[PDB]
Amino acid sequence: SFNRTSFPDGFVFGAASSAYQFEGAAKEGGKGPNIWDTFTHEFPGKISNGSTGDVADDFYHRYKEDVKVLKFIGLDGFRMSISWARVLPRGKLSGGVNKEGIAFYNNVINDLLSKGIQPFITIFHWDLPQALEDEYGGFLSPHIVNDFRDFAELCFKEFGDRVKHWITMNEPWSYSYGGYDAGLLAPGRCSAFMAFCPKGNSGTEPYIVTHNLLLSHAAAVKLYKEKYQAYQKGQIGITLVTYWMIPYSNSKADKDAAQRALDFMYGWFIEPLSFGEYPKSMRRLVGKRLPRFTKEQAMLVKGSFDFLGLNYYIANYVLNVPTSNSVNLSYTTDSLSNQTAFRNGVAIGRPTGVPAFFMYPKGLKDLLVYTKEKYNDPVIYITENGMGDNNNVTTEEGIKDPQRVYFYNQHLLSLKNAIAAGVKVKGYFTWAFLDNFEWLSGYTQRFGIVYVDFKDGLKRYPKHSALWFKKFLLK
């Protein structure tokens, strides 16, 4: 039966997590507030059922038993993130290191390694300390770069003797678009015409924030390369997300619109990372709302990754949107494109428990080949791939997830094809290890290969998908 021998020797199979979504202990162990503590508490209308990550999976206390589950499944690796405000409660290094926070991550890492599981560490997975958001508006300010750099350094110093795979940040697209265009994610900023956020500007701030995200990423990578990489002997990268874009029709209009959508979502980050400049379509359509890289900045950002982390979930069809005399000025409308999961009333693939998300495993290969061909054959890890179930059945029924078995069977076959096509994929991580706090969707969506019974003591039960992976891994 389909198993890991179909993949390169030493290929890393793992599961993924993030700190705010899993940890809980949000006000414990010396931890300071982050923007997600603030967002979920002050805007309960923006979270399904007014949920928070106050407790989440309580991974902070339950990590020892959870690591046993990872070993049971037989995973090679585990992707997890560092809570910035847990290790630096005041955000700045000068504000002091929280010894209790450092100890937790050390404990998790030491346990993982005893089970032969490699920790892949995301330094920043959106949970910015409130102190930094308060001081200078977080990623709206160039001040964020030095503080991000110091945070990265703390991680390298404290964990780098054991951690050999670093991811600077998770999905700066989501942080910028979600936090500053649509106002759906912390810090919850958007234009007043949306009547959805207290402050913001969806037409300017996402571009400001993305620039500082890239610069912060680049600062961390430069420091790692110059100061830690030679003796710790690890690798550092960044995780990007994009939908795969398919033109709605055969028209030139829809063809160009599809590429514009990809330019604005993916190219926004991977062209600076590869070429030191933003995509031409963005420069043309966004004009002077799009920051320029100085010569120093372009030099720092270009080539600043050892590997690319890619998160893949879905493909969408893309329609051209003609220019209009009625403008809502926003990153969203700047690309003159419209995404839809339906063509001629027919869904792009099998449904999931997430209304927008349909199964399109071919898109994983297409994205990987596109990336190989456009950006000089980079080393790639699939740092997230998964699907969600609606949280509307009993624990008993939730555990039986043949649809997720199917999902991973199909996507791993597609990944196999990408590797055969010469894409240098070295690893693959399931989102998620556990059912968790899924940001604006709260606990209404279950992405785990392991079920968490939120109603009954947060108990863990491996799903059929976990058992499928256990067999796939010959473990």
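In this text, residue numbers run from 1 along the sequence as written.
Stretches 438-446 and 419-427 differ in mean C-alpha B factor, with the higher average recorded for 419-427. In this entry, 351-359 shows the higher mean Cα temperature factor of the pair 351-359 and 201-209. Per the PDB entry, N391 shows the highest C-alpha temperature factor of the residues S191, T239, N316, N391. In the PDB entry, the Cα temperature factor peaks, among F120, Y228, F159, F307, at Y228. In the deposited entry, the Cα temperature factor of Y406 sits in the top third of values across the chain's modelled residues. When the CA B factors of the chain's modelled residues are split into thirds, the value for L467 lands in the highest one. When the CA B factors of the chain's modelled residues are split into thirds, the value for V452 lands in the middle one. Split the chain's modelled residues into thirds by C-alpha temperature factor. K372 is in the highest one. In the deposited entry, the Cα temperature factor of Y105 places it in the lowest third of its chain's modelled residues.
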